[PDB]
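In order, the protein sequences belong to chains A and B.
Position one of the first sequence corresponds to residue 16 (the UniProt record's numbering), numbered consecutively onward.
Position one of the second sequence corresponds to residue 16 (the UniProt record's numbering), numbered consecutively onward.
Read through the structure below, which is laid out as structure tokens, and then see the notes.
2 protein chains.
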Amino acid sequence: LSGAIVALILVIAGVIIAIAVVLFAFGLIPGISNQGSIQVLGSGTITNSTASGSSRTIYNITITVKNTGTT
Amino acid sequence: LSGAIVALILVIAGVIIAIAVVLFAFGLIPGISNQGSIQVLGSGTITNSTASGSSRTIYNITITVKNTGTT
Ligand SMILES: *[C@@H]1O[C@H](CO)[C@@H](O[C@@H]2O[C@H](CO[C@H]3O[C@H](CO)[C@@H](O)[C@H](O)[C@@H]3O)[C@@H](O)[C@H](O)[C@H]2NC(C)=O)[C@H](O)[C@H]1NC(C)=O
Ligand SMILES: *[C@@H]1O[C@H](CO)[C@@H](O[C@@H]2O[C@H](CO[C@H]3O[C@H](CO)[C@@H](O)[C@H](O)[C@@H]3O)[C@@H](O)[C@H](O)[C@H]2NC(C)=O)[C@H](O)[C@H]1NC(C)=O
Numbered sequence: 016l017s018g019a020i021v022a023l024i025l026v027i028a029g030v031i032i033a034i035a036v037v038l039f040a041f042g043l044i045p046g047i048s049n050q051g052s053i054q055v056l057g058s059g060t061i062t063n064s065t066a067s068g069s070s071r072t073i074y075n076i077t078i079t080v081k082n083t084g085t086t
Numbered sequence: 016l017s018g019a020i021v022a023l024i025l026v027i028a029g030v031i032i033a034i035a036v037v038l039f040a041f042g043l044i045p046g047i048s049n050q051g052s053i054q055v056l057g058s059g060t061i062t063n064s065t066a067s068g069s070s071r072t073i074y075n076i077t078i079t080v081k082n083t084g085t086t
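Have a look at this one:
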């Protein structure tokens with residue numbers, strides 16, 4: 016008897032997990048868009064910004080950035 | 016005589032208890048085999064709900080959900 020009862024449980028669970036995985040594949044798609052939100056416009060500048068005789072060299076990066084995203 | 020009447024009682028009782036276990040196996044089927052599920056549709060969102068420098072961070076989660084079951 017046991018084998019048929021087990022197969023029935025695993026059939027129905029198979030349908031449920033397969034549908035959930037298909038829905039997840041459709042559900043990913045909106046996240047892909049955000050990978051393109053930024054673009055950098057023109058040349059930026061680097062400037063030596065550290066104080067005289069300081070242990071660390073520290074530069075200053077100025078760039079135009081454009082954010083086309085919603086965040 | 017005795018051995019044959021006892022063999023017959025155990026044949027009859029065997030039929031009875033075997034059929035009882037077969038009917039029980041058919042009686043399991045509805046409980047183990049409910050089809051349909053919570054389906055999650057598209058992307059959801061997480062939003063910071065935390066306010067006023069509270070000790071525990073709380074997040075809103077909003078998502079579209081479809082119950083295809085009967086409960
Ligand atoms: C950013 O500015 C610093 C000063 O504000 C400067 O430190 C001085 O460095 C000079 C000599 O610079 C040469 O040698 C160093 C190594 O010692 C190189 O890293 C550098 O590229 C040059 O070839 C030194 O005489 C002086 O005492 C330092 N301090 C001051 C107050 O002048 C950094 O060198 C400078 N970095 C860059 C990349 O320009
Ligand atoms: C997460 O969902 C909550 C409902 O489950 C929701 O509560 C409702 O809040 C609105 C007003 O929310 C505004 O103001 C809060 C600050 O108080 C902001 O965090 C929020 O972004 C909105 O600008 C209220 O009218 C309504 O009655 C509340 N309903 C319930 C059931 O509590 C939260 O606002 C929501 N959180 C965020 C961050 O959206």
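Even for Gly, the Cβ is constructed at its ideal location relative to N, Cα and C.
Between the stretch 45-71 of chain B and chain A, which residues of the former have CB atoms less than 7 Å from a CB of the latter, in chain order?
Within the stretch 45-71 of chain B, the residues whose Cβ lies closer than 7 Å to some Cβ of chain A are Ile47, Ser48, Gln50, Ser52, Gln54, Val55, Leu56, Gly57 and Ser58, listed in chain order.
Do the stretch 54-63 of chain B and the stretch 71-82 of chain B make contact, defined as three or more Cβ pairs closer than 8 Å?
Segment contact: the stretch 54-63 of chain B against the stretch 71-82 of chain B, three or more CB-CB distances shorter than 8 Å; contact assigned.
So that I know if they touch, is there some Cβ in chain B lying closer than 8 Å to that of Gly42/A?
Yes, its Cβ sits closer than 8 Å to a Cβ of chain B.
Tell me the DSSP bridge mates of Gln50/A?
None, per the DSSP bridge assignment.
Taking Cβ-Cβ distances shorter than 8 Å, what residues in chain B pair up with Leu23/A?
Near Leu23/A (Cβ distances below 8 Å), the residues of chain B are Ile44, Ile47 and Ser48.
Relative to the C-alpha of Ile61/B, which candidate in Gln50/A, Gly46/A and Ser67/A has its C-alpha closest?
The alpha carbon of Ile61/B has as its nearest neighbour, out of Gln50/A, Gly46/A and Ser67/A, the alpha carbon of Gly46/A.
Between the Cα of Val21/A and those of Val30/B, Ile20/B and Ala40/B, spot the shortest distance and give me the residue it belongs to.
Among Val30/B, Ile20/B and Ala40/B, the Cα nearest to that of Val21/A belongs to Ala40/B.
Within the present structure, is the beta-carbon of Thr62/A separated from the nearest heavy atom of ligand 1 by less than 7 Å?
No; taking the cut-off as 7 Å, the Cβ of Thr62/A has no heavy atom of ligand 1 nearer than that.
Which one or two residues does DSSP pair with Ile78/B in a beta bridge?
DSSP links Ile78/B through a beta bridge to no other residue.
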